[PDB]
Amino acid sequence: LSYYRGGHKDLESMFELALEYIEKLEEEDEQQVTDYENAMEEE
Amino acid sequence: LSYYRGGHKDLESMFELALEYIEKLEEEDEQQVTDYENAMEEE
Amino acid sequence: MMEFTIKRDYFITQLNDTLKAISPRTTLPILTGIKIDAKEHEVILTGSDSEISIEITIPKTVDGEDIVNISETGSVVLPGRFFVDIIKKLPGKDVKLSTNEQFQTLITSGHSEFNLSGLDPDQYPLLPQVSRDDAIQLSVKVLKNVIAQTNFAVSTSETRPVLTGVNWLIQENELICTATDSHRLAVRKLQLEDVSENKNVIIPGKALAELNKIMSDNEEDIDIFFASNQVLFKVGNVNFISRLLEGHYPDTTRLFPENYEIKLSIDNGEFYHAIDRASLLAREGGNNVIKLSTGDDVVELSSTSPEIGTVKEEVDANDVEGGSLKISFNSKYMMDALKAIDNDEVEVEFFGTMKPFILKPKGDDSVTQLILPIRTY
Amino acid sequence: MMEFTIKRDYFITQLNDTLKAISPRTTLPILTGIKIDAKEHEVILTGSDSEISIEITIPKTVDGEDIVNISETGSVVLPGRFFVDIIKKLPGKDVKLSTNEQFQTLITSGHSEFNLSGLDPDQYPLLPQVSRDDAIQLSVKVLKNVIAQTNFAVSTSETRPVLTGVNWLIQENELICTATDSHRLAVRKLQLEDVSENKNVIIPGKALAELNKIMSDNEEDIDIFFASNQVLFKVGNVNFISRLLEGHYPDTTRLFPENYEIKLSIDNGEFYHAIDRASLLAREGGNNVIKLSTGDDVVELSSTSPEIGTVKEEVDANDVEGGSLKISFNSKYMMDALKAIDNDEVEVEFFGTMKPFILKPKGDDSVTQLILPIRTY
């Protein structure tokens, strides 16, 4: 999950300087929230 | 956190039928990811 | 050794359709990828997730202009989301894929030159074959209207996996598209132009929200072919196989009571944005429940919350019958049922304080949304 | 008992500025709210989070048209994000707040009528007062250019809380705006029009990214007033207090070596979108490192990854000196430093294979971005 955590934070730091459009980070963010909820129901 | 979990899921189910614009759900989604990461470093 | 040079501005808009069937949750490592297959005159993009599957034949010419020039025929299974992310970023208007042995594709576009690692297409599973009888021909505007007016009211919970699909009940030249999550109901009546057999099928909820996206609003037709387990939405130059759900769909004709007490004739924009405003207080609590209070020519959309306060709108209902009534509904189930109305004057009628209430447009006796009461007990 | 009736289309765009200082993480329950204070001729919207604080005087007239009509003076502290969420949804073009005792405001706009629960404004903390000497007058275009060319290179890690702010070094009519996160550097030189004292201040990174948003691109001026701990960005009809960071900013003049080996003159759009393409493979791994390879009139932006493959661009560098060089940089630090260049022809010069390299525009000797090497060791 730390692989996809690093992937999401790299995509967000390449969003907050407008290097990436908002819809891609929106669906990628919902994918990360799904992964977080799976990791919280797993623990 | 289940209060804000219910708040985020109610805001997302009122996004996926286009009843809410994407920027509001984007910043609200990043707020939920911040709350999830605080809850995972707390546990 | 596939090798073709497709125009990028068309390959993106025909590849972003077959991306919608690629779900990144499938247990097979091959179904998370797009199968590109260039034959002698066309390129098909089979994207599947063992539930829905999209096959998009891209011919060598579309409306006169040239699109693909296949230099050598073959096939490869590139990764799914990443390859569309490549094609959306390339600078040129020509994308020349060229597969070699061990299936590595050199995506050359002007100066840029990617080199992916596609998989073997011989281990990609076969497409489900659907027999070309049981033909139902809708239009694109009519079927996008049906999917907009019915596929919001499907269930998102797989505990009852029959309510997660849209029932299509064909019997004697009539199409009855219902969708229930045991809180809503959206029955679209529709008369066809031909004769069709008695079908009782359950097309899934996420198998038509991904069809509403891949249909551009045109004058073409969707020849819908039903099978025992699959359904083919043969739109123009794009197929759409989706799996019919099993089980018997529950009878929703018992959820239609009669003898209306009050009958509003309210605007759609006013009474939609007024639910959008009146649920602002009661959605930060997590729940979304709005009390309504019908009066003479007014609809007093109220809500309250501790520590935040009180909201009270007043919407002009153009024609009200009966008396006054204080119903307490759900705001998402009202905003979805008002977004589905194409008309700008819905005709709400309420059946008492603890029963469902019809939300239908006036002038149209076909579509009747229904909201079961989530009032207090 | 505040009571005023402000035009909504102006109150949203002057309330969404003072929302940007309301952060929903402050330990006080009063600093998460907007203080609205209607005086006899103006309405101020003090929004703070004990680090930055925005006071926006909304007068009774803006460019001739009437805006506010204060019926009774007073003040209230409404909740922060929720009140802006209310005002963005109201139907009318007039929003009439009316506070009572115990501070409950009746937000009436046409038919809608909210009733919030504001707090006591007497327990809201006082605004930090900044002395009106040490005046530095920039323009809006010049200061938005400085914030765009410098405030990307601040540190987001509070382990070293001096690198999280933009240094402004005023000495003899020259402004030197640096920003370092020990991997980048962005030094904007700027000559002023007046004389100013020797200032060495550290304005924070998120105290100018929230100033770049609230400045509409106009011909007005930001009278910047410095104090010992605070700085006043007095834009037209909007103040902006922000807290200067403490400590000594580290000397970044030792990070400027000389005797360039190679010197490109490359396009900005081509070499920006080519970094945008070449980092697609190496950003799904999580890291973002692109190998560069300078050749004769080419810049071979390469990357690789296991299980995905290889990308190799070729960007036309219009004038290259020296020889060939294989540097391995970071793609976000290059895309930020190419987005900051207003010009369409940057002039990259490289200092060997293990040293920082200048990324400056040609024709401008003021702004010189610098990227420290994150090449292999």
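In the PDB header, cryo-EM is given as the technique by which the entry was determined, and 3.2 Å as its resolution.

Turning next to the overall build of chain A. Helix and strand counts for chain A come out as two helices and zero strands. Based on the C-alpha atoms only, the size of chain A along its principal axes is roughly 35 × 15 × 10 Å. Within chain A, the proportion of its 43 residues that are buried is 49%.

Our focus in this paragraph is the overall build of chain C. When you go through chain C residue by residue, the secondary structure sums to six helices and 31 strands. Principal-axis analysis of the C-alpha atoms gives chain C an extent of 75 × 50 × 40 Å. The long-range share in chain C, meaning contacts at least 24 apart out of those at least 6 apart in sequence, stands at 66%.

With that settled, consider the interface of chain C and chain D. Taken together, the 27 residues of chain C in the interface contact 27 residues of chain D. When the buried area of chain C at its contact with chain D is split by residue, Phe 82, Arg 277 and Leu 280 of chain C rank highest and sum to 24% of it. Counting across the interface, chain C meets chain D through two salt bridges. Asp 276 of chain C is the partner of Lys 89 of chain D in a salt bridge, and the nearest nitrogen-oxygen pair spans 3.9 Å. Put simply, chain C and chain D have eight residue pairs in polar contact between them. Within the residue set of the side of chain C that touches chain D, elements represented by two or more residues are α2 (80–87), β12 (112–115), α4 (268–278), α5 (281–284) and β26 (309–312) of chain C. Broken down by class, the residue content of the side of chain C that touches chain D amounts to 10 nonpolar, six polar and 11 charged. Here β12 of chain C runs beside strand β26 (residues 309–312) of chain D; their pairing, made up of two bridges, is antiparallel. What sits directly across from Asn 115 of chain C, in β26 of chain D, is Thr 310 of chain D.

Once that is clear, we can look at the interface of chain C and chain A. Counting residues at the interface gives five residues for chain C, matched by six residues for chain A. With both chains or domains summed, chain C and chain A bury close to 390 Å², and 32% of this area falls on carbon and sulfur atoms. At the junction of chain C and chain A, the tally comes to zero salt bridges. Taken together, the residues of the side of chain C that touches chain A break down into one nonpolar, no polar and four charged.

Attention now goes to the packing of aromatic side chains. A complete count under the given rule lists 15 aromatic pairs over all chains for this structure. When the centroid spacing of 6.4 Å and the interplanar angle of 85° are considered together, the rings of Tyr 36 of chain A and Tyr 36 of chain B count as edge-to-face. With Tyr 36 of chain A in helix α2 (residues 22–42) and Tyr 36 of chain B in helix α2 (residues 22–42), this pair bridges two chains. By relative accessible area, which is 0% here, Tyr 36 of chain B ends up buried. Grouped by ring-pair contacts, the aromatic residues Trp 168, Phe 226, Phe 233 and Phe 240 of chain C constitute a single cluster. One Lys or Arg, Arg 132 of chain C, reaches over the ring of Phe 225 of chain C and ends 5.4 Å from the middle of that ring. Sitting over the ring of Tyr 260 of chain D, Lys 263 of chain D keeps its end group 4.0 Å from the ring centre.

What follows covers the domain arrangement of chain C. Residues and elements named next belong to chain C. According to the domain assignment, chain C contains domain 1 (3–123), domain 2 (135–252) and domain 3 (256–371). Between domain 1 and domain 2, the C-alpha centre-to-centre distance is 29 Å. Taken together, the contact pairs nine residues of domain 1 with 14 residues of domain 2. Overall, the association of domain 1 and domain 2 removes approximately 1,100 Å² of surface from exposure, summing both partners, and the carbon and sulfur fraction of that is 52%. Looking only at domain 1, the three residues that lose the most surface to domain 2 are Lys 20, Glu 51 and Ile 52, adding up to 47% of its buried area. Applying the counting rule to domain 1 against domain 2 returns zero salt bridges. Here domain 1 is connected to domain 2 by four residue pairs in polar contact. Split by residue class, the side of domain 1 that touches domain 2 holds three nonpolar, two polar and four charged.

Here the focus is the packing of helix α4 (residues 268–278) of chain D against helix α6 (residues 331–339) of chain D. Between two packed helices, what matters for the description is the angle formed by their axes and the separation of those axes. Residue and element names in this part refer to chain D. The geometry of α4 relative to α6 is characterised by a closest axis approach of 10 Å and an angle of 155° between their N-to-C directions. Relative to α6, the element α4 lies roughly antiparallel. In this structure, α4 meets α6 at a crossing whose hand is left-handed. Side by side, α4 and α6 meet where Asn 268, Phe 271, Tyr 272, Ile 275 and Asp 276 of the first sit next to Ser 331, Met 334, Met 335 and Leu 338 of the second. Tallied by class, residues from the contact of α4 with α6 come to six nonpolar, two polar and one charged.

On to unusual backbone geometry. At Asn 173 of chain C, a residue that is not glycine, the phi angle is positive and equals roughly 65°. Looking at the secondary structure, you find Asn 173 of chain C in the loop between β14 (165–170) and β15 (174–178). Phi is positive for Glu 307 of chain D, which is not a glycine, with a value near 70°. Tracing the chain through its elements places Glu 307 of chain D in the loop between β25 (302–305) and β26.

Scoring rules and cut-offs
Residues numbered from 1 in each chain as written, not as in the entry; some residues may be left out. Chains lettered and ligands numbered in written order. Heavy atoms only, no water. Residues with missing side-chain atoms left out of burial classes, pairs and counts. Helix = DSSP H or I, 4+ residues; strand = E, 2+ residues; numbered from the N terminus. Buried < 20%, exposed > 50% of the residue type's maximum accessible area, 1.4 Å probe, protein only. Contact = heavy atoms within 4.5 Å. Buried area = accessible area lost by both parts, 1.4 Å probe. Salt bridge = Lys/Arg side-chain N within 4 Å of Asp/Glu carboxyl O. Polar contact = N/O pair within 3.5 Å; in protein donor to acceptor, adjacent residues only side chain to side chain. Nonpolar A, V, L, I, M, F, W, Y, C, P; charged D, E, K, R; others polar. Pairing = 2+ DSSP bridges. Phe/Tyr/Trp six-rings, centres within 6.5 Å; stacked < 30°, edge-to-face > 60°. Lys NZ or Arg CZ within 6 Å of the ring centre and 35° of its normal. Domains from an automatic or database assignment. Axes fitted to C-alpha atoms, helices over the stretch in contact; angles between N-to-C directions. Parallel < 35°, antiparallel > 145°, perpendicular 65-115°, else oblique. Left-handed = near helix turned anticlockwise from the far one by under 90°.

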